[PDB]
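Novice: Protein chains in written order, with this note's numbering: chain A, 8 to 95; chain B, 8 to 95. All residues carry an ideal CB built from backbone N, CA and C; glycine is no exception.
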Ligand SMILES: [Mg+2]
Ligand SMILES: [Mg+2]
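1. For a test of your reading of the model: does the CB of residue 41/B fall under 6 Å from any non-hydrogen atom of ligand 2? Yes or no.
2. Compare the C-alpha of residue 33/A against each of 13/A, 65/A, 47/A and name the closest.
3. So, helix, strand or coil for residue 44/B, using DSSP?
4. Would you call the CB atoms of residue 18/B and residue 86/B closer than 7 Å?
5. Under 7 Å, Cβ to Cβ, is there at least one residue of chain B near residue 10/A?
6. Would you mind stating whether residue 71/A and residue 89/B have Cβ atoms separated by less than 7 Å?
7. Considering Cα atoms alone, identify which of 62/B, 45/B, 41/B, 38/B is closest to residue 24/B.
8. Is the beta carbon of residue 45/B within less than 6 Å of some heavy atom of ligand 2?
9. Just to confirm, is the Cβ distance from residue 65/B to residue 56/B under 7 Å?
10. Taking CB distances under 7 Å as the criterion, tell me whether residue 79/B reaches chain A.
11. With a threshold of 7 Å between beta carbons, is residue 95/A in contact with chain B?
12. Give me the residue from 95/A, 51/A, 26/A, 49/A with the minimum Cα distance to residue 40/A.
13. Looking at residue 9/B and residue 83/A, is the spacing between their C-beta atoms short of 7 Å?
14. When we look at the beta-carbon of residue 36/A and count the other beta-carbons within 10 Å, is it buried (16 or more) or exposed?
15. What is the C-beta distance between residue 73/B and residue 21/B, in whole angstroms, given that I count them as a contact (C-beta under 8 Å)?
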């Protein structure tokens, strides 16, 4: 199942361009990041990015979930900022 | 930090009306659900629903995150349905 951490990690793959560079940004190891994705791909039933691809390419399902991330993550951020607004 | 499971659980509190009824829906115990929320409230820095309240009342921060859930969860659902569409 898709979690918020998977959506941010998908953004790191696009923003950093490789599994190793994104792992360095997310303070994780490269294998642990690869293990998290294949673990997610197994439960979802489809792959998120092209295996062995260099440069790394997303699958159509990965592009869909990346666009999902670009939409949900700013909304969660704005919601938590409103929760911490000096009011209510 | 807000997770997808926290957003669905917030919807269960509104849809079921109590911590005990929502726990039965989510296949969790009542204390484990209460432990998950106070755990989340501790890290966020604010409370999500009024303590001891009967009937259960959300705080203003809980209403904000509930409206967040009503917006994000359908988008995640539509994204996964598109991923499983017989195409791509
Ligand atoms: Mg993988
Ligand atoms: Mg609590």
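Specialist: With the structure as the only source:
1. Along the second chain, read from residue 1 onward, the residue named residue 41/B stands at position 34. Between ligand 2 and residue 41/B, a heavy atom-to-CB distance of less than 6 Å is present.
2. The sequence position of residue 33/A within the first chain is 26, counting from 1. The candidate whose alpha carbon is nearest that of residue 33/A is 13/A.
3. For the purposes of this step, residue 44/B is identified with residue 37 of the second chain, where counting begins at 1. Here residue 44/B sits in helix by DSSP.
4. Here residue 18/B is taken as the residue at index 11 of the second chain, counted from 1. Here residue 86/B is taken as the residue at index 79 of the second chain, counted from 1. Taking a C-beta distance under 7 Å as the contact criterion, residue 18/B and residue 86/B do not qualify as a contact pair.
5. Your numbering for residue 10/A matches position 3 in the first chain. Taking CB atoms only, residue 10/A has a neighbour in chain B less than 7 Å away.
6. Residue mapping note: residue 71/A aligns to position 64 of the first chain, counting from 1. Residue mapping note: residue 89/B aligns to position 82 of the second chain, counting from 1. Taking 7 Å as the Cβ cut-off, residue 71/A and residue 89/B qualify as a contacting pair.
7. Residue numbering aside, residue 24/B sits at position 17 when the second chain is read from its first letter. When each option's Cα is compared against that of residue 24/B, the closest is 62/B.
8. In the second chain, the residue the question calls residue 45/B occupies position 38. In terms of side-chain proximity, the C-beta atom of residue 45/B is found nearer than 6 Å to a non-hydrogen atom of ligand 2.
9. In the second chain, residue 65/B corresponds to position 58, counting from 1. In the second chain, residue 56/B corresponds to position 49, counting from 1. In this structure, residue 65/B lies near residue 56/B, with their beta-carbon atoms less than 7 Å apart.
10. As a working note, residue 79/B is residue 72 in the second chain. Chain A, which has a Cβ nearer than 7 Å to the Cβ of residue 79/B, makes this yes.
11. Stepping through the first chain from its first residue, residue 95/A is reached at position 88. Yes, contact with chain B.
12. Start at 1 with the first residue of the first chain, and residue 40/A comes out as number 33. The residue among 95/A, 51/A, 26/A, 49/A with its C-alpha nearest the C-alpha of residue 40/A is 26/A.
13. Here the question's residue 83/A lines up with position 76 in the first chain. Here the question's residue 9/B lines up with position 2 in the second chain. Cβ atoms of residue 83/A and residue 9/B: closer than 7 Å.
14. Start at 1 with the first residue of the first chain, and residue 36/A comes out as number 29. So residue 36/A counts as exposed.
15. Position 66 of the second chain, counted from the start, is the residue given in the question as residue 73/B. Position 14 of the second chain, counted from the start, is the residue given in the question as residue 21/B. About 6 Å separates the Cβ atoms of residue 73/B and residue 21/B, confirming a contact at the 8 Å cut-off.
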